[PDB]
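> next one to model:
(chains A and B, ligands or ions: 2)
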There are 2 protein chains.
Amino acid sequence: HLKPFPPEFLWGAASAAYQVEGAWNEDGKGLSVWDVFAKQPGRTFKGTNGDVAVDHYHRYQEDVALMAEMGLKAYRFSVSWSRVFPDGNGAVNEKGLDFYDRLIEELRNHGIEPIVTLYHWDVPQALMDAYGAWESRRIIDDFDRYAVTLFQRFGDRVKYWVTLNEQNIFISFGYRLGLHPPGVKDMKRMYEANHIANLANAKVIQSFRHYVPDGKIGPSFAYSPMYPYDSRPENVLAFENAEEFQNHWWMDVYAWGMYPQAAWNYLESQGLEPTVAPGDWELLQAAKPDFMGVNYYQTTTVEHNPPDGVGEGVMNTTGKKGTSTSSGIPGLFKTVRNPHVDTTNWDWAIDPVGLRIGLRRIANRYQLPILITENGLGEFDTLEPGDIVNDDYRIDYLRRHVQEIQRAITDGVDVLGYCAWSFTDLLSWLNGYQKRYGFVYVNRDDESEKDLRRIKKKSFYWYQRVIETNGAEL
Amino acid sequence: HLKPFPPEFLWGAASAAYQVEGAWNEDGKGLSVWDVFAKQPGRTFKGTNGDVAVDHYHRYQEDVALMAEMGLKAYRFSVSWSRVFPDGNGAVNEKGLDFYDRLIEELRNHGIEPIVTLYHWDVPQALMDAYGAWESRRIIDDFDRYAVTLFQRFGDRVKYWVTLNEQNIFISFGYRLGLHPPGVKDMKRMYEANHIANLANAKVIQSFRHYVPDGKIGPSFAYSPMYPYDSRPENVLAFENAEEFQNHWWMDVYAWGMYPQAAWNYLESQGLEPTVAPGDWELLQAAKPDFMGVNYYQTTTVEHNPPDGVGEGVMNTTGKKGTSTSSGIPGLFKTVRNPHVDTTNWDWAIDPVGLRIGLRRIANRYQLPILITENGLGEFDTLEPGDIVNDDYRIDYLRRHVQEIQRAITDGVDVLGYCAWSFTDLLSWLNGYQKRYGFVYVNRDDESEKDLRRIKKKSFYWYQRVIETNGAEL
Ligand SMILES: O=P(O)(O)OC[C@H]1O[C@@H](O)[C@H](O)[C@@H](O)[C@@H]1O
Ligand SMILES: O=P(O)(O)OC[C@H]1O[C@@H](O)[C@H](O)[C@@H](O)[C@@H]1O
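Residues are numbered from 1 along each chain as shown, chains lettered A, B, ... in the order given. Ligands and ions are numbered 1, 2, ... in the order given. What follows is the structure:
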């Protein structure tokens, strides 16, 4: 017998500024590292970039009207740092703030709760130019100043805040895999910037307690819960290393203010552990969040990896299912295909029970409320005659995940809300447009920009009914 | 490259008073619940009991000399509460305290560190008669009077103390399985008694901070780390249930003063959650231990268990391999044979890497030092002419477990010592005498005490060499 979703459950949907806004140089916006990075030849699929994206900066009023039509309780979006401080640390651009003000007013005027994400990977290029951005402690006070500006300006209107979105992703992709700005492949630098990002997160949660005392705030972690392949003890030990190295490495710092000891020691033995200054541990431990943001898409199964074994694998860019290969850390663990779940054609696991497992792990380990900030299925959509997009695949994925959430709530996990990814189709950081996540189809592809018109998918109406029946009808 | 065992590592061996002492009615000792229980027909194998056991009460000088010959750094034993308070809570039996004084003096005169266990399952029968022993809050103050009696008498000479030894066993075997005193099969009563023992534990740790400010104290948990059968999400979820219900239910209280939420809610949904009094959480949270004691023998593998599925299983007390059957909680998990490890003739898994995994989990979850208070292999031994016992099976098991401890120390786990179970052969609570654990064979069986003579097994000389080289030579 399932509990119902609490009466004030935030049924949400989410975006990210670069992925959606466009207007990349209007009204005084400065350059971000993704403005520069995406125009480098060969970085992004068919040269796609966010100059226009889906042009939400100009079309937000139509976008919010579709949200109100849908009945969204909440909308999560990111603020573009380079719209607010074109220099990162110089004068504030009032036109930048004014757009987010207009967006929030538009949201409230329709009874939609705004959830403001502070950082979704778009640090101003000037700060990377001036001092290497996340590799310098100077970004801590610059990021604080930016966050305080938003707190003072929108705190009276925004209850829910997310600090850093998927810090493990932009640190990892940006400094170990070289796939994101700044395009670095250097684990020593990766963990230095990661540590500085941890301090930046902690500093702004501290500021938030001062400036928005009645608000709620937390980082959002890209969480892939680890599984052992089988009950072979070597495989279970590999799972212990993987969950601590991939997940606790970040979530223990968010929740407890301290890195896990075994992973630290392994980094120390390699000379990779971050530099620590007086006052770091005090700050990190004094910044408890109200919730743990969670972006979930899939679980990961691991097995034993000998000292000689797998390192970086082969990411699935194409869509040709089967093209991924095992990624690992020699001596600790390597990934392996989970024979008991389906995958998308991008080799992503379809594992809604894994969401319940991950929600249970966070509550069991930290006793924190959880806001699901991102969950969704990316797939090709066909526009059929009569403005019909039949994305039954997308409905099937979201339904099962929402079902497992309800089971998590019945187990006792405190789930504050759920933000499907995404509201409209949007620009993928690297893979262009044809892998869509939206409830609302946007009329463009990789070659033709067309007119960017919004078309309601079948999933739009499925999710309209979910919100109307507070989850009772799925 | 492995770290060495720390220079003050407590290389130990262990026993329990009922299992070893004998002299059940000598020198003013009162009856314990096990004196009474084991003499009820059908409770124990071939009617074996602790009347004589291996007569360590009279023979402790011989036994300590053998410890000294082996070069033991520490000896862990339990104090028989009914020797000290014959009626549990009245006047002290000075002769009872005097035995443990002579024992501790004998150990210190041979340079062996005593590790005193306060409770190893033998509450005096008179407290069971007066108010039902662990089922009544009365026991909190009675157990405290007894602990403080020991603290004041021996605190000057004993630095390392264990409170409750395997609370999860004597509570669940006593109140859920009906296999230990008081022979109850009632889940509601089991969790009430469990909660009272949590309070008794916290109360004496609190008293210890006053009476033995320089000592170190912890409970000792019977830890079987759980494994999922495979990466099937339903099986990983049964692992999450199993680890929380069987392990976190006790260790979270010991480390954090808090029961885990999902397990609590499942018990509440069944009317099984314990009665909580004002001030309980305050006491439980303000009694941090210096270490987590760990009794390890095996891991447990689990799979999905439907709500009509498995409950109590068949236990193996004979010695014929393949007799045990699955046990579980319907709707949460059930155990299953781990196909990737061997088992003993009693169906206990042999999983030395599981010890590393369990030690890693405790450090990762609680950041506590660990004292391994029990680990050993129980098997039939053959006494060969010339008083020779070749127990290579025991050496092999101890060697691989001690090896995995060093890998755990290298990972960063703070392991304070290792107490092999047991120093001499002793009486098994239910299994009689033939399932032997000792380094020192004791000449007796289930039918005759014979001359109870002590015979060093081959593993005696192996462990002697382990200690002499501080574990460099295994
Ligand atoms: O590469 P894909 O399939 O388009 O997935 C990208 C999505 O994956 C998530 O990790 C990001 O938070 C999103 O911003 C992004 O939309
Ligand atoms: O294997 P057996 O004979 O059932 O014994 C298990 C042993 O290990 C633990 O369960 C107890 O702490 C010991 O007292 C006991 O002797």
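> hey, let's count contacts and neighbours off CA atoms from now on
Fine.
> the nearest residue to residue A:297 once chain neighbours are set aside and residue A:402: what is the separation?
Spatially, and ignoring its direct neighbours in sequence, residue A:297 is nearest to residue A:375 (5.7 Å; C-alpha to C-alpha, 6 or more residues apart in numbering or on different chains). Applying C-alpha to C-alpha, to the nearest Å, the value for residue A:375 to residue A:402 is 10 Å.
> what about those two, which has more around it?
Relative neighbour count places residue A:375 above the other of residue A:375 and residue A:402, with 23 against 20, counting by other C-alpha atoms under 10 Å in any protein chain shown.
> phi and psi next, for the more buried one.
Residue A:375 adopts backbone torsions of phi -170, psi 140, taken as degrees, to the nearest 10.
> that one touches residue A:296, doesn't it?
Yes. Here residue A:375 reaches residue A:296: they are 5.3 Å apart, a contact under C-alpha atoms under 8 Å.
> helix, strand, or coil at the closest residue in space to residue A:365 that isn't next to it in sequence?
Leaving aside its chain neighbours, residue A:365 sits nearest to residue B:365 (7.6 Å; criterion: C-alpha to C-alpha, 6+ apart). Look at residue B:365: counting by DSSP: H, G, I helix; E, B strand; the rest coil, its state is helix.
> try residue A:258
Each residue gets one of three states, and residue A:258 gets coil by three-state DSSP.
> can you count the residues close to it?
For residue A:258, the neighbour count with other C-alpha under 10 Å is 18.
> distance of it relative to ligand 1?
Between residue A:258 and ligand 1 the distance is 25 Å, computed by C-alpha to the nearest ligand atom, to the nearest Å.
> in contact with the residue nearest to that residue when sequence neighbours are not counted, which residues?
Sequence neighbours aside, residue A:252 is the residue nearest to residue A:258 in space, at 6.1 Å (criterion: C-alpha to C-alpha, 6+ apart). Residue A:252 sits next to A:258, A:259, A:260 when contact means C-alpha atoms under 8 Å, 6 or more residues apart in numbering or on different chains.
> so which elements touch whatever helix or strand residue A:459 lives in?
Per DSSP states H and E, residue A:459 falls inside helix A:458-468. If you count contacts as 3 or more C-alpha pairs under 8 Å, 6 or more residues apart in numbering or on different chains; DSSP states H and E, helix A:458-468 packs onto helix A:56-70, helix A:392-411.
> starting at the chain centroid, how far to it?
Helix A:458-468 sits 23 Å away from the centroid of its parent chain (C-alpha atoms, centre = their mean, to the nearest Å).
> angle of it against helix A:392-411?
20 degrees (axes from the mean of the first three to the mean of the last three C-alpha atoms, to 10 degrees).
> list of residues touching helix A:458-468?
By C-alpha under 8 Å, 6+ apart, helix A:458-468 touches A:11, A:70-73, A:388-392, A:394-395, A:439-440, A:472-474.
> how about stretch A:277-286?
For stretch A:277-286, contacts defined as C-alpha under 8 Å, 6+ apart pick out A:198, A:199, A:202, A:203, A:206, A:253, A:254, A:256, A:257, A:258.
> what about the closest residue to chain B within the stretch 201-350 of chain A, neighbour count?
Among all residues of the stretch 201-350 of chain A, residue A:230 sits closest to chain B, at 4.0 Å; criterion: C-alpha to the nearest C-alpha. Neighbour count of residue A:230, defined by other C-alpha under 10 Å: 24.
> I figured it was touching residue B:235, is that so?
No. With contact defined as C-alpha under 8 Å, residue A:230 does not reach residue B:235; the gap is 10.1 Å.
> mutual contacts of these two, please.
Counting by C-alpha under 8 Å, 6+ apart, the common neighbours of residue A:230 and residue B:235 are B:228, B:229.
> ends of stretch A:297-310, what's the gap?
Using C-alpha to C-alpha, the end-to-end distance of stretch A:297-310 comes to 24 Å.
> any idea how far that stretch is from the chain center?
On C-alpha atoms, centre = their mean, the centre of stretch A:297-310 falls 23 Å from that of its chain.
> which ones are touching residue A:46?
Counting by C-alpha under 8 Å, 6+ apart, residue A:46 has contacts A:432, A:446, A:447.
> what is the nearest of those residues to residue B:333?
Each of these was checked against residue B:333 using C-alpha to C-alpha; the closest is residue A:432, at 44.0 Å.
> helix/strand/coil for residue A:145?
helix.
> burial count for it?
Counted with other C-alpha under 10 Å, residues neighbouring residue A:145 total 17.
> again with residue A:264
For residue A:264, the number of neighbouring residues by other C-alpha under 10 Å comes to 18.
> was I right about it contacting residue A:271?
No. Because the distance of 10.3 Å does not satisfy C-alpha under 8 Å, residue A:264 is recorded as not touching residue A:271.
> list the helices and strands the lengthiest helix in chain A packs on?
Across chain A, the longest stretch assigned as helix under DSSP state H is helix A:187-211. When contacts are defined as 3+ C-alpha pairs under 8 Å, 6+ apart, helix A:187-211 packs onto helix A:138-154, strand A:160-165, helix A:167-175, strand A:216-222, helix A:280-285.
> and those as TSV, adding distance to ligand 2?
What follows is the helices and strands packed on helix A:187-211, written out as TSV (distance: least, C-alpha to the nearest ligand atom, whole Å):
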stretch	distance to ligand 2
helix A:138-154	53
strand A:160-165	48
helix A:167-175	43
strand A:216-222	41
helix A:280-285	38
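> tell me which of those sits nearest to residue B:406.
For residue B:406, the closest of those is helix A:280-285, at 29.0 Å, according to C-alpha to C-alpha.
> and the helix or strand following the closest one, how far out from the chain's middle?
The first helix or strand that comes after helix A:280-285 along the chain, using DSSP H and E, is strand A:292-295. Computed by C-alpha atoms, centre = their mean, the chain-centroid distance of strand A:292-295 equals 8 Å.
> is chain B within reach of the helix or strand that strand A:292-295 is followed by?
Once the chain leaves strand A:292-295, the next helix or strand it forms, by DSSP H and E, is strand A:300-303. Yes. Using C-alpha under 8 Å from any C-alpha of the partner chain, we find that strand A:300-303 touches chain B at residue A:301.
> residues touching strand A:300-303, excluding its own?
Here strand A:300-303 makes contact (C-alpha under 8 Å, 6+ apart) with A:224-229, A:234-236, A:238-239, A:242, A:333-338, A:349, B:231.
> convert that strand to CSV, retaining C-alpha atoms only.
Taking C-alpha atoms only, strand A:300-303 is exported to CSV below (Å, rounded to 0.1, in the frame of the first residue of the first chain):
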residue,chain,number,x,y,z
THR,A,300,26.3,1.8,-12.9
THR,A,301,27.4,-1.8,-12.4
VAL,A,302,31.1,-2.4,-11.6
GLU,A,303,33.5,-5.3,-11.1
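> direction included, what does that strand pair against?
strand A:226-228 (parallel), strand A:333-336 (antiparallel) (DSSP bridges).
> what's the most buried one of these?
strand A:226-228 (a mean of 29; mean count of other C-alpha atoms under 10 Å in any protein chain shown).
> list the buried residues of stretch A:121-129.
For stretch A:121-129, the buried set under the neighbour-count rule, 16 or more other C-alpha atoms under 10 Å in any protein chain shown, comprises A:121, A:122, A:123, A:124, A:125, A:126, A:127, A:128.
> setting aside sequence neighbours, what's the nearest residue to the third one?
Spelled out, that is residue A:123. Using C-alpha to C-alpha, 6+ apart and skipping residues adjacent in sequence, the residue nearest residue A:123 is residue A:32, 5.6 Å away.
> mind telling me what element residue A:452 is part of?
Following DSSP H and E, one finds residue A:452 outside all helices and strands.
> for residue B:304, see how far away it is.
Distance of residue A:452 to residue B:304, given as C-alpha to C-alpha: 48 Å.
> looking at those two, which is more packed in?
More neighbours surround residue B:304 than the other of residue A:452 and residue B:304, with 25 against 19 (other C-alpha under 10 Å).
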